[PDB]
$ cat data17.pdb   # PDB, N, CA and C atoms
MODEL        1
ATOM      1  N   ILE A   1     118.193  98.650 107.682
ATOM      2  CA  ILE A   1     117.747  97.820 106.530
ATOM      3  C   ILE A   1     116.970  98.691 105.549
ATOM      4  N   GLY A   2     116.105  99.556 106.064
ATOM      5  CA  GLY A   2     115.287 100.377 105.185
ATOM      6  C   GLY A   2     116.161 101.153 104.197
ATOM      7  N   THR A   3     117.371 101.549 104.597
ATOM      8  CA  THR A   3     118.252 102.245 103.655
ATOM      9  C   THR A   3     118.485 101.298 102.479
ATOM     10  N   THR A   4     118.793 100.068 102.842
ATOM     11  CA  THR A   4     119.059  99.034 101.849
ATOM     12  C   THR A   4     117.845  98.902 100.929
ATOM     13  N   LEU A   5     116.648  98.798 101.494
ATOM     14  CA  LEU A   5     115.437  98.703 100.670
ATOM     15  C   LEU A   5     115.164 100.041  99.954
ATOM     16  N   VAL A   6     115.571 101.141 100.570
ATOM     17  CA  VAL A   6     115.314 102.454  99.967
ATOM     18  C   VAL A   6     116.001 102.559  98.593
ATOM     19  N   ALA A   7     117.276 102.184  98.504
ATOM     20  CA  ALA A   7     117.983 102.224  97.215
ATOM     21  C   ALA A   7     117.395 101.177  96.250
ATOM     22  N   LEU A   8     116.790 100.144  96.836
ATOM     23  CA  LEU A   8     116.159  99.036  96.100
ATOM     24  C   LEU A   8     114.998  99.538  95.242
ATOM     25  N   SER A   9     114.347 100.597  95.703
ATOM     26  CA  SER A   9     113.212 101.201  95.007
ATOM     27  C   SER A   9     113.550 101.472  93.546
ATOM     28  N   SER A  10     114.832 101.524  93.244
ATOM     29  CA  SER A  10     115.271 101.798  91.885
ATOM     30  C   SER A  10     114.709 100.735  90.941
ATOM     31  N   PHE A  11     114.334  99.572  91.481
ATOM     32  CA  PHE A  11     113.743  98.525  90.641
ATOM     33  C   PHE A  11     112.231  98.734  90.545
ATOM     34  N   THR A  12     111.715  99.668  91.342
ATOM     35  CA  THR A  12     110.281  99.942  91.312
ATOM     36  C   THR A  12     109.844 100.411  89.910
ATOM     37  N   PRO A  13     110.520 101.368  89.280
ATOM     38  CA  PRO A  13     110.152 101.805  87.890
ATOM     39  C   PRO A  13     110.265 100.649  86.888
ATOM     40  N   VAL A  14     111.317  99.848  87.054
ATOM     41  CA  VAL A  14     111.557  98.669  86.220
ATOM     42  C   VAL A  14     110.613  97.534  86.605
ATOM     43  N   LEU A  15     110.138  97.514  87.841
ATOM     44  CA  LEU A  15     109.188  96.490  88.261
ATOM     45  C   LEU A  15     107.805  96.753  87.648
ATOM     46  N   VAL A  16     107.420  98.026  87.551
ATOM     47  CA  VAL A  16     106.102  98.359  86.994
ATOM     48  C   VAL A  16     105.993  97.863  85.542
ATOM     49  N   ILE A  17     106.977  98.182  84.709
ATOM     50  CA  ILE A  17     106.948  97.748  83.307
ATOM     51  C   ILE A  17     106.964  96.221  83.221
ATOM     52  N   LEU A  18     107.629  95.604  84.185
ATOM     53  CA  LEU A  18     107.781  94.149  84.210
ATOM     54  C   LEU A  18     106.397  93.469  84.160
ATOM     55  N   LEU A  19     105.443  93.953  84.947
ATOM     56  CA  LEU A  19     104.091  93.370  84.950
ATOM     57  C   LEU A  19     103.411  93.540  83.580
ATOM     58  N   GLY A  20     103.670  94.703  83.003
ATOM     59  CA  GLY A  20     103.096  95.072  81.703
ATOM     60  C   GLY A  20     103.441  94.024  80.640
ATOM     61  N   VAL A  21     104.690  93.588  80.651
ATOM     62  CA  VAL A  21     105.115  92.538  79.718
ATOM     63  C   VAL A  21     104.293  91.279  80.004
ATOM     64  N   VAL A  22     104.146  90.959  81.284
ATOM     65  CA  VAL A  22     103.363  89.802  81.714
ATOM     66  C   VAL A  22     101.889  89.979  81.331
ATOM     67  N   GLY A  23     101.387  91.207  81.368
ATOM     68  CA  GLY A  23      99.987  91.425  80.992
ATOM     69  C   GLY A  23      99.758  90.931  79.570
ATOM     70  N   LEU A  24     100.609  91.379  78.658
ATOM     71  CA  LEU A  24     100.491  90.986  77.259
ATOM     72  C   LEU A  24     100.620  89.473  77.133
ATOM     73  N   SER A  25     101.418  88.876  78.005
ATOM     74  CA  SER A  25     101.614  87.435  77.984
ATOM     75  C   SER A  25     100.283  86.701  78.176
ATOM     76  N   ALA A  26      99.261  87.393  78.700
ATOM     77  CA  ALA A  26      97.952  86.767  78.914
ATOM     78  C   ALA A  26      97.422  86.216  77.593
ATOM     79  N   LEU A  27      97.681  86.957  76.531
ATOM     80  CA  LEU A  27      97.251  86.558  75.194
ATOM     81  C   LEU A  27      97.651  85.103  74.938
ATOM     82  N   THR A  28      98.678  84.620  75.633
ATOM     83  CA  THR A  28      99.132  83.238  75.455
ATOM     84  C   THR A  28      98.497  82.326  76.518
ATOM     85  N   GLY A  29      97.509  82.866  77.237
ATOM     86  CA  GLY A  29      96.784  82.096  78.255
ATOM     87  C   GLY A  29      95.579  81.378  77.642
ATOM     88  N   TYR A  30      95.199  80.244  78.227
ATOM     89  CA  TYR A  30      94.035  79.491  77.740
ATOM     90  C   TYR A  30      92.720  80.187  78.134
ATOM     91  N   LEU A  31      91.705  80.097  77.272
ATOM     92  CA  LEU A  31      90.438  80.791  77.515
ATOM     93  C   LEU A  31      89.992  80.624  78.972
ATOM     94  N   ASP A  32      90.112  79.424  79.555
ATOM     95  CA  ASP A  32      89.734  79.171  80.945
ATOM     96  C   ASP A  32      90.854  79.432  81.945
ATOM     97  N   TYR A  33      92.067  79.219  81.454
ATOM     98  CA  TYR A  33      93.291  79.313  82.235
ATOM     99  C   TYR A  33      93.895  80.704  82.258
ATOM    100  N   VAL A  34      93.290  81.702  81.601
ATOM    101  CA  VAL A  34      93.860  83.042  81.585
ATOM    102  C   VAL A  34      93.108  83.941  82.574
ATOM    103  N   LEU A  35      92.094  83.389  83.237
ATOM    104  CA  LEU A  35      91.340  84.140  84.245
ATOM    105  C   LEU A  35      92.007  84.070  85.630
ATOM    106  N   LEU A  36      92.605  82.917  85.925
ATOM    107  CA  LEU A  36      93.236  82.708  87.239
ATOM    108  C   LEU A  36      94.631  83.368  87.355
ATOM    109  N   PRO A  37      95.539  83.112  86.441
ATOM    110  CA  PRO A  37      96.926  83.665  86.495
ATOM    111  C   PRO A  37      97.130  84.994  85.748
ATOM    112  N   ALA A  38      96.412  85.138  84.658
ATOM    113  CA  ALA A  38      96.496  86.370  83.866
ATOM    114  C   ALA A  38      95.841  87.553  84.602
ATOM    115  N   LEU A  39      94.623  87.351  85.104
ATOM    116  CA  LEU A  39      93.902  88.430  85.802
ATOM    117  C   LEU A  39      94.520  88.738  87.168
ATOM    118  N   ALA A  40      95.163  87.749  87.781
ATOM    119  CA  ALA A  40      95.776  87.917  89.098
ATOM    120  C   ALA A  40      96.801  89.044  89.123
ATOM    121  N   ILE A  41      97.417  89.309  87.983
ATOM    122  CA  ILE A  41      98.416  90.363  87.896
ATOM    123  C   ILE A  41      97.792  91.729  88.195
ATOM    124  N   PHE A  42      96.581  91.947  87.670
ATOM    125  CA  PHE A  42      95.873  93.207  87.866
ATOM    126  C   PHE A  42      95.638  93.466  89.344
ATOM    127  N   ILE A  43      95.372  92.408  90.100
ATOM    128  CA  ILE A  43      95.130  92.544  91.526
ATOM    129  C   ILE A  43      96.375  93.055  92.236
ATOM    130  N   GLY A  44      97.543  92.534  91.878
ATOM    131  CA  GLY A  44      98.765  92.987  92.523
ATOM    132  C   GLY A  44      98.944  94.482  92.307
ATOM    133  N   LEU A  45      98.658  94.947  91.094
ATOM    134  CA  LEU A  45      98.754  96.364  90.781
ATOM    135  C   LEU A  45      97.610  97.143  91.438
ATOM    136  N   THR A  46      96.431  96.518  91.577
ATOM    137  CA  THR A  46      95.308  97.249  92.171
ATOM    138  C   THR A  46      95.739  97.781  93.534
ATOM    139  N   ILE A  47      96.161  96.889  94.422
ATOM    140  CA  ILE A  47      96.578  97.278  95.764
ATOM    141  C   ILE A  47      97.782  98.201  95.747
ATOM    142  N   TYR A  48      98.628  98.050  94.742
ATOM    143  CA  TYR A  48      99.837  98.839  94.611
ATOM    144  C   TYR A  48      99.549 100.330  94.441
ATOM    145  N   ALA A  49      98.383 100.626  93.872
ATOM    146  CA  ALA A  49      97.984 102.006  93.629
ATOM    147  C   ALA A  49      97.882 102.770  94.943
ATOM    148  N   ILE A  50      97.235 102.143  95.922
ATOM    149  CA  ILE A  50      97.052 102.741  97.235
ATOM    150  C   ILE A  50      98.377 102.844  97.984
ATOM    151  N   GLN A  51      99.354 102.019  97.604
ATOM    152  CA  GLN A  51     100.656 102.049  98.262
ATOM    153  C   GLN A  51     101.373 103.363  97.981
ATOM    154  N   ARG A  52     101.405 103.780  96.725
ATOM    155  CA  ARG A  52     102.140 104.985  96.355
ATOM    156  C   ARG A  52     101.704 106.186  97.191
ATOM    157  N   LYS A  53     100.401 106.268  97.416
ATOM    158  CA  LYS A  53      99.824 107.354  98.206
ATOM    159  C   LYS A  53     100.199 107.207  99.696
ATOM    160  N   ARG A  54     100.160 105.948 100.142
ATOM    161  CA  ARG A  54     100.460 105.587 101.540
ATOM    162  C   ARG A  54     101.937 105.773 101.878
ATOM    163  N   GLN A  55     102.791 105.317 100.978
ATOM    164  CA  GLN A  55     104.229 105.407 101.209
ATOM    165  C   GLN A  55     104.601 106.829 101.627
ATOM    166  N   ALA A  56     104.076 107.833 100.911
ATOM    167  CA  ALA A  56     104.343 109.239 101.248
ATOM    168  C   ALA A  56     105.730 109.419 101.866
ATOM    169  N   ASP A  57     106.766 109.162 101.072
ATOM    170  CA  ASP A  57     108.139 109.294 101.552
ATOM    171  C   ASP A  57     108.346 108.465 102.817
ATOM    172  N   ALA A  58     107.927 109.014 103.956
ATOM    173  CA  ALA A  58     108.065 108.323 105.238
ATOM    174  C   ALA A  58     109.491 108.453 105.767
ATOM    175  N   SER A  59     109.942 107.438 106.495
ATOM    176  CA  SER A  59     111.292 107.451 107.050
ATOM    177  C   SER A  59     112.323 107.549 105.930
ATOM    178  N   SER A  60     112.086 106.805 104.857
ATOM    179  CA  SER A  60     112.994 106.806 103.718
ATOM    180  C   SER A  60     114.435 106.607 104.180
TER
ENDMDL
END

$ encode --input "data17.pdb" --output "structure tokens"
Amino acid sequence: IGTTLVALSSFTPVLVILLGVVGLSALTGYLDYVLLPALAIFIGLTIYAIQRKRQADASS
């Protein structure tokens, strides 16, 4: 399966930009309503930072 997911990584570069579009979308969030869903995106990326270092190729 990992082979299958390994080629899947090709969406990883396209996945990163994907959040970026959503980040800007925050501007369309309500003053109170942009803290819960808009800021939540940053958290997904926060943990993702440590992943790149952790992944370290591996089985691949």

$ atom_distance --input "data17.pdb" --atom1 "CA of residue 25 in chain A" --atom2 "atom N of residue 40 in chain A"
11.7 Å

$ atom_distance --input "data17.pdb" --atom1 "CA of residue 56 in chain A" --atom2 "CA of residue 11 in chain A"
17.8 Å

$ atom_distance --input "data17.pdb" --atom1 "CA of residue 45 in chain A" --atom2 "CA of residue 8 in chain A"
18.4 Å

$ select_by_dssp --input "data17.pdb" --residues "chain A" --states "alpha helix (DSSP H)" --output "PyMOL selection string"
chain A and resi 2-8+11-25+40-55

$ resolve_selection --input "data17.pdb" --expression "the PyMOL selection byres ((chain A and resi 38) around 8)" --output "PyMOL selection string"
chain A and resi 22-23+25-27+29+33-37+39-43

$ resolve_selection --input "data17.pdb" --expression "the PyMOL selection byres ((chain A and resi 60) around 7)" --output "PyMOL selection string"
chain A and resi 2-3+6+57-59
